[PDB]
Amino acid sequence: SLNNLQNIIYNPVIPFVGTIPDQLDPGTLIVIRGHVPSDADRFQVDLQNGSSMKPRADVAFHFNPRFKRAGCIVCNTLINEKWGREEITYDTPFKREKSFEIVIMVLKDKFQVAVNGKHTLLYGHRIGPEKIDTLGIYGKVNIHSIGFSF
C-alpha cells in the first residue's frame, strides 16, 4: 500500500543526491518513478552513508539496472571505495523507453524491491540501515518523483 507515501523531489536533475528525511526502519518504502531513455546503458539508485565524494561515501545498497545485451540488475555494497560481492538478477523488468515505478521496502534483514507492481529482488543488509541517510540517483535515467513512506 502506497498510502502514507509522501513524494518530495519532483523531476530532479540527474545526478541527484539528497538527504533522506527519516530513518529507514522496517516497513519503510522508497518510491522512485521515472523512465529509461532510449540511449541508456545503465543507471543506479544508491542508498548511501553520507554524500562525501572524496573519499566516496559507502553505498549500503547499490541498485544498478544495466541495459546492454539482455539487461540485468546488479546489486552490491561499496565500503571504503571497494565493491563487494555482486548479486545479479537477470530477470530485469526495465526496458529502454519504458516507464517504471521502483518500490524499495526496508525490512529487518533485507531490502525487498518491486518494480511496476511485481516483485523484483531481495538484497540482504550488509550495512546497518540506520547508517543510510542519503539517496543518490546516477546515470542515464529520467526521474519524475522520489517519495518515502515511513
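Note that residue numbering begins at 1 and tracks the sequence as displayed.
Taking only CA atoms, the mean B-factor in the PDB entry is higher for 65-73 than for the other of 45-53 and 65-73. Mean CA temperature factor is higher for 33-41 when stretches 120-128 and 33-41 are set side by side in the entry. Ranked by C-alpha B-factor against the other modelled residues of its chain, residue 110 falls in the lowest third.
Residue 87 sits in the lowest third of its chain by CA B factor, as recorded in the PDB entry. Split the chain's modelled residues into thirds by C-alpha temperature factor. Residue 136 is in the lowest one. Per the PDB record, residue ranking by Cα B-factor puts residue 58 in the lowest third of the chain.
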